[PDB]
Amino acid sequence: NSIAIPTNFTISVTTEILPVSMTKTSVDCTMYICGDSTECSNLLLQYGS
Amino acid sequence: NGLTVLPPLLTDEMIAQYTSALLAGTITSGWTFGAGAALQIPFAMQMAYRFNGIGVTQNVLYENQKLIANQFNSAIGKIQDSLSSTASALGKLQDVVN
Amino acid sequence: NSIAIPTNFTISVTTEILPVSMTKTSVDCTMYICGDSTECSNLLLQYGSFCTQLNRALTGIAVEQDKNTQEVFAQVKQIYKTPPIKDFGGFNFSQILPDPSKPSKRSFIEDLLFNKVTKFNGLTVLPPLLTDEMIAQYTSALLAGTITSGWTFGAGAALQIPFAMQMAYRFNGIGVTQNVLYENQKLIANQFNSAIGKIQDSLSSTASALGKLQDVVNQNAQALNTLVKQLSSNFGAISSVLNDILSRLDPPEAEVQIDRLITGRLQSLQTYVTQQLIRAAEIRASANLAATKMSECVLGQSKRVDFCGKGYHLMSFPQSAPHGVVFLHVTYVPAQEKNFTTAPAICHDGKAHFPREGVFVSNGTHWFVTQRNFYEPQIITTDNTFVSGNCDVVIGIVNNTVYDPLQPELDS
Amino acid sequence: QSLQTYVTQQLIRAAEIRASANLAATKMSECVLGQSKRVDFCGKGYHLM
Amino acid sequence: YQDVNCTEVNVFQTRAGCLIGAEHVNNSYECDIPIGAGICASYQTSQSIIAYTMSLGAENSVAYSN
Ligand SMILES: *[C@@H]1O[C@H](CO)[C@@H](O[C@@H]2O[C@H](CO)[C@@H](O)[C@H](O)[C@H]2NC(C)=O)[C@H](O)[C@H]1NC(C)=O
Ligand SMILES: *[C@@H]1O[C@H](CO)[C@@H](O[C@@H]2O[C@H](CO)[C@@H](O)[C@H](O)[C@H]2NC(C)=O)[C@H](O)[C@H]1NC(C)=O
Ligand SMILES: *[C@@H]1O[C@H](CO)[C@@H](O)[C@H](O)[C@H]1NC(C)=O
Ligand SMILES: *[C@@H]1O[C@H](CO)[C@@H](O)[C@H](O)[C@H]1NC(C)=O
Ligand SMILES: *[C@@H]1O[C@H](CO)[C@@H](O)[C@H](O)[C@H]1NC(C)=O
């Protein structure tokens with residue numbers, strides 16, 4: 001037979017932080033593996049796609 | 001080495017314009033801009049609806065409007081003090097970068 | 001001191017299209033890495049379980065496509081069927097209900113969706129457990145339940161309710177007073193019927209509307225084409241054709257050339273399976289979002305804003321599509337905005353008065369109370385409003401008068 | 001092999017970001033554009049705005 | 001036998017492949033061990049493995065009226 005009822009209130013503001021995106025990197029797989037090398041690039045082609 | 005970074009389509013300025021629009025909508029038209037047209041509403045009345053929505057009769061807002069506005073204004077000032085001093089506050093975004 | 005209350009609405013049906021499963025591919029890796037070759041197979045055994053964990057990973061993806069499809073569609077304990085007579089208060093579902101004339105008894109709009117969407121090397125495609133004819137019994141059950149019984153078939157057994165009383169219930173859900181339906185029932189029925197008409201025009205004309213489902217089918221087809229093309233690479237070997245190595249070299253030399261091909265084909269299969277495992281998580285999160293929208297939008301009415309497209313949500317009708325689902329989300333959108341002066345409260349006999357429901361508004365000479373979502377003015381009385389406190393407290397209160405329904409009954 | 005490792009990690013990480021972005025989008029609609037009846041969805045306490 | 005005809009291999013041809021050893025039963029039941037293409041199998045009656053088109057649930061019309 002007992003209830004607690006609030007008699008006053010407070011307005012609070014909280015901050016919620018969420019990631020939305022990540023850096024749009026791009027890597028040139030040929031230049032990374034065989035940078036400026038014809039001999040290496042031709043070998044790389046043997047790996048297809 | 002062939003590693004480059006592409007820019008985002010939406011620049012920081014464009015994002016700011018969107019948050020501005022969402023904020024201006026929220027303040028001057030409540031939720032009506034979400035459903036359809038932005039229908040202007042006195043801010044205090046908008047808050048009255050927000051109070052009814054949590055099970056608190058609207059007269060509470062009006063009778064305590066000065067208190068509520070003061071608590072709100074103080075709460076925002078506290079947000080600034082926290083963000084300006086606690087680096088860890090943005091850890092969720094800093095971690096992505098790292 | 002100004003509130004805009006819309007004097008009219010429009011009912012908008014918005015299509016939302018969701019992937020729900022993807023092609024149940026499965027690959028006999030021991031055939032892909034070494035095809036009909038004993039010499040190669042014996043070398044592939046030196047890699048232990050690198051094959052059976054790929055047979056296993058792809059089987060895990062293939063098994064869960066039926067889990068996704070069962071969780072999205074099988075949300076109903078019985079196959080409900082529509083009555084013979086279509087006495088739905090003017091609403092016309094005939095374009096979303098089954099066509100008994102068809103061999104697989106899809107609706108008219110399900111046939112548009114099934115039209116707009118388009119090996120020997122150990123690769124296979126396992127069938128779904130639910131045929132597209134069984135998916136169409138489940139969406140017809142969800143839909144014949146939704147039409148005849150509202151949300152109640154999600155809570156218990158289906159309880160029948162007339163469709164003009166089911167939409168009156170959903171109008172109270174968006175806070176619009178249900179007489180705004182009955183006083184406009186032909187206009188609302190006609191806007192629903194006309195908005196279902198636009199869905200056919202969209203889906204018949206514009207093949208790019210299905211873009212998510214065709215993207216999922218293209219990614220799976222592009223991955224298989226990449227996987228099959230990767231059989232043609234040498235990977236440092238004298239030849240990509242295993243039989244040409246074996247027919248030309250003695251074992252002490254053939255094994256070296258074969259190991260080069262095995263390494264390349266195994267890494268190239270692990271690449272496919274890793275891409276499919278990440279792509280299956282991307283579809284599983286879309287199946288759980290489709291299952292959640294089925295449960296909250298179709299079996300219910302959602303209070304979540306913009307969950308069921310733009311507008312205040314009224315109801316949704318599921319239609320099936322190849323490896324997906326489509327929700328025809330019906331929403332109330334308020335349309336003809338009007339301007340009014342507005343008051344937070346009203347002063348009468350020293351007391352302050354506030355609206356139990358609705359907004360105090362002024363066309364410019366008189367004050368009325370009215371629901372927020374639809375301009376419907378009412379003379380302000382003790383039945384529309386409650387007293388709390390007095391005039392000296394509210395900021396921006398106005399000195400109108402509030403009428404008492406008892407006075408003339410005791411005055412006369 | 002190094003690139004494959006990198007790309008795989010980026011795809012997995014991207015999925016995490018996407019899930020966060022989806023959550024953020026959900027909140028924007030059901031928190032900023034509306035009012036949330038969902039508990040602790042929009043901070044602790046009874047959500048107003 | 002997945003994706004084959006009952007040629008090269010109590011035989012039931014399904015779109016999932018050629019199923020051998022399971023009795024084809026006209027009665028539908030709740031799905032137990034899924035095969036594919038609407039077909040599931042189970043061990044029932046004296047007992048043997050049976051195959052059937054799975055039931056999607058009981059049929060129940062709603063007594064809708066204006
Ligand atoms: C509810 O609590 C607020 C404080 O959060 C009370 O307002 C304060 O009242 C004291 C006097 O007792 C002042 O010294 C403070 O400066 C006031 N603070 C603010 C922010 O106004 C308020 O009176 C309480 N209300 C009730 C009904 O008890
Ligand atoms: C605002 O609405 C009220 C009520 O409709 C208008 O006052 C009535 O106007 C009609 C038409 O002129 C008269 O027949 C009534 O006798 C008026 N009294 C009532 C019923 O309140 C009022 O004119 C409207 N605002 C404007 C445009 O002045
Ligand atoms: C309300 O008043 C503004 C004044 O700037 C006007 O632009 C707007 O069109 C008016 N709305 C209606 C519905 O008349
Ligand atoms: C099996 O072959 C027969 C012809 O002998 C053909 O009619 C039947 O459709 C084939 N079934 C399958 C599943 O390929
Ligand atoms: C199903 O019943 C039909 C008669 O309507 C019969 O010809 C057919 O052989 C039965 N099939 C099985 C699997 O019992």
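All positions are counted from 1 along the displayed chain.
Even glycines carry a Cβ here, placed using N, Cα and C.
Classification of A:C34 (disulfide bond) by DSSP places it in coil, neither helical nor stranded. A:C34 (disulfide bond) is surrounded by 17 other CB atoms, counting those within 10 A of its CB over all protein chains shown. Under the heading disulfide bond, Swiss-Prot lists A:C34-A:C40, citing experimental evidence as support.
The N-linked glycosylation site annotation in Swiss-Prot covers A:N8. A:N8 (N-linked glycosylation site) carries neither a helix nor a strand DSSP state and counts as coil.
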Tell me the Cα distance separating A:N8 (N-linked glycosylation site) from A:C34 (disulfide bond), rounded to the nearest angstrom.
70
Taking the Cβ of A:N8 (N-linked glycosylation site) as the centre, count every other Cβ atom within 10 Å, in any protein chain shown.
6
For the recorded positions A:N8, A:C34, A:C40, which sit with their CB under 6 angstroms from an atom of ligand 1?
A:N8
So for A:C40 (disulfide bond), how many other CB atoms are inside 10 Å of its CB?
12
Can you grab the distance from A:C40 (disulfide bond) over to A:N8 (N-linked glycosylation site)? Cα atoms, rounded to a whole Å.
75
